[PDB]
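Just the one chain here, the form deposited in one PDB entry, laid out as structure tokens.
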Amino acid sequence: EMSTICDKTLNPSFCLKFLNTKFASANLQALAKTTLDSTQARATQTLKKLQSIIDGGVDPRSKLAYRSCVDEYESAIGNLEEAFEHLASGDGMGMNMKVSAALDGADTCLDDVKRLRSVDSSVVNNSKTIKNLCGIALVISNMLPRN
């Protein structure tokens, strides 16, 4: 669907590299966007939900862990958005850094809470789902051009 074009140029070799580069980049640019969004959405849901759980009241033990998770997710949501800005400036690296940070928040929450008696399913799943999502975004951020 691109060779059709390139073969008509006085320099197809150039064309292909360009059309394939810009196409790849555009593609990565889109997968990051969707991965980050899915991630941001789930982090936002888990964040409200934690804030709510804390509101509804829980034992001192669970309160503490759910409070640590809240701080991890507020910190993660900021980092995911920042990472989006780096994806935008084409700064895979800062993006990676930001995605890592976010991932660490999810992992730390996961750990602050996997030990609780009857943890909130939701918090747990979103936390693992988000670790997976950050995983993807981390990879994609590494494919971005650098000098």
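Shifts are known only where both forms have a C-alpha. For every residue, the number given is its place in the sequence shown, counted from 1. Heads up, when I say rigid core I mean the largest set of C-alphas that superpose within 1.5 Å between the two forms.
The form deposited in another entry is left out here; the points below concern that form.
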(Q) Once both forms sit on the same rigid core, is the C-alpha displacement of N125 at or above 2 Å between the shown form and the other one? (A) no
Q) Is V139 one of the residues whose C-alpha moves 2 Å or more between the shown form and the other one after the core fit? A) no
Q: Note whether the distance between the C-alpha atoms of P12 and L28 decreases (closer) or increases (farther) in the other form, against the displayed form; the change is 3 Å or more.
A: closer
Q) Shorter or longer C-alpha distance for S25 and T35 in the other form, given it differs from this form by 3 Å or more? A) closer
**Q.** Structural rearrangement between the shown form and the other one, runs of 3 or more with C-alpha shift of 2 angstroms or more, core superposed
**A.** 1-26
